[PDB]
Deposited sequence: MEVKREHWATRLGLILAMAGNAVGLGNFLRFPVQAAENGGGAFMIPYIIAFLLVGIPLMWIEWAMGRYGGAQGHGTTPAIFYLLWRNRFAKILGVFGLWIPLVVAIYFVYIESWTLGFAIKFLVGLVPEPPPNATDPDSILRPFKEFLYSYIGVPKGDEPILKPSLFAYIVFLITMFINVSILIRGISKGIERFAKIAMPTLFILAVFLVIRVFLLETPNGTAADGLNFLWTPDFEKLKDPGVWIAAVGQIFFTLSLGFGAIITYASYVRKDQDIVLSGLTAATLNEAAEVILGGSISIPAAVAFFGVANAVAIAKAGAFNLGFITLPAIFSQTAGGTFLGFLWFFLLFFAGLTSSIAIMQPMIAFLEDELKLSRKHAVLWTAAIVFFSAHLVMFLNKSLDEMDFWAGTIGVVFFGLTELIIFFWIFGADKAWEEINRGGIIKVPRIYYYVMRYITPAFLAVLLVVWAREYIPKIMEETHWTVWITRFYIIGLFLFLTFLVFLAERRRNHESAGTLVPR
């Protein structure tokens, strides 16, 4: 069983997973909507009481299972809890990252396609509409947003061909394994990623128009209202953001950690990776989108831009903004090339869990594990590419509800069923530094309490709407992803039989 070649490689790979489009798109929007600078108070608390502890736990559960030749939760859950039901709950550790990869690699391909377009100068060229319109029409023609009643997407041939190229790039990295593939790429992509971010931050900071300056936007995202704190919605928003940004509950971290040597440090290493992500989010991420947008639209509208959604901000607003500044074309290319590496380092992280299962449990060669996974993903993605709101449906069940539920699940199994003391000693073993003793109570009582509340709130507020309001096409996806869970349950069955 392969291991991470170096300490740095491990950290850069883990950090690579956490760092994502959310650092540059979702955070600025969430921060601006939930109290600006005041949002940092719940954000930091959530990072301490939910973010870090759960990360250490996943890291530990991964390294624990790896020592016995297991990198996926169906097996690992069974180790921590010898019970038939534990293996089924573990199937989610395969289902979640798989379903997410089905629509995420496609979303990822978009950024590449835009990057290719901006690079070739094939991008489109008064009021805020005649400037945004050419780009909205560009995006909708790309991903094939329906101009008719039918719930059918009509992706451009270019969009489709780019998805194949993106799938290929992913396979090229994964098929080389952990150290010679994921790790080797991580050591290159991460520095590259931070260089593009910093460069953009600087270039954006030098933006000025009669309507506002980039510094204005910075003096808005960080000017604390301190009145939203009373609103419990902000605390829920903060815990959510923290949970999403650290990529917790995907089972991806567990799989990555399973390649860590049995008593190699995970406390300091995990803390480092998490810090890299928080720097790329609050410092780098929260200094490109909003500031650049505010620079042109003005301090005024600041709310609207954030409210307009995290997606419209990155794929419509900014590109149009760039096409207005000098040399903004090359500037927009750097933006999407940044978002592409951001996604590329994460897509390989969520496709690995499936690969690991095939290797460890079904004893497939890396080549066969990677290709078969690639096939399952590529095929399944056609449902997301051609069926409207399919992406949204998957993102909710797996990428939203699923991740939180699974997060609370793995925490209860490891710290309650497995044993609080045993779990604590497992986490700290080999640690360059020891986990603060206070965290023993946090992990055992606090962390699970926050997650339970986040689930109860998101459930009572989201599920009834999804079940009733949504179009009937929604079932074609539900049917398919339910089938995927049944499929994985069958593979786990065959694994135990062999």
Coverage holes, deposited numbering, ordered by position, sit at 1-4, 130-134, 508-519
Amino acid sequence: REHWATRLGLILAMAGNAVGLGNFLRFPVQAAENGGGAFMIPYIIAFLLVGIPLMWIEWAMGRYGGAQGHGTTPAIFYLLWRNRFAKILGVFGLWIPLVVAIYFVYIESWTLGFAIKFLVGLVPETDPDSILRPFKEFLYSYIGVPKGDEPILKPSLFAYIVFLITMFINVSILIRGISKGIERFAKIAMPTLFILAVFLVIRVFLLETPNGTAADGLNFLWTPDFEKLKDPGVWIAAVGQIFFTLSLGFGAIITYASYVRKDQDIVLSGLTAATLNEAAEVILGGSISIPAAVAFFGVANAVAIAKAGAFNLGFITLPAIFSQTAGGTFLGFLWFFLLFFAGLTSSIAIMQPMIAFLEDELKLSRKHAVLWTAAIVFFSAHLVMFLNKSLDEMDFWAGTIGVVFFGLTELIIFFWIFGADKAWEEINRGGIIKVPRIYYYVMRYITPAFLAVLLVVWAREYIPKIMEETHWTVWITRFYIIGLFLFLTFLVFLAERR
From here on, numbers count along this sequence of modelled residues.
Comparing 305-313 with 248-256, the higher average Cα temperature factor in the PDB entry belongs to 305-313
With B-factors read from the PDB entry, the higher C-alpha mean of 206-214 and 87-95 is in 206-214
The residue of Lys367, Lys187, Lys147, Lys180 with the maximal C-alpha B-factor according to the PDB record is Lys147
Looking only at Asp225, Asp395, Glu425, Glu359, the Cα with the top B-factor belongs to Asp225
The third of the chain into which the C-alpha temperature factor of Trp56 falls is the middle
Chain thirds by Cα B factor, record data; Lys465 belongs to the highest
Assert third(CA B-factor, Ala67) within chain per record equals lowest
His3: C-alpha B-factor third of its chain, per the entry, is the lowest
The third of the chain into which the C-alpha temperature factor of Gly343 falls is the lowest
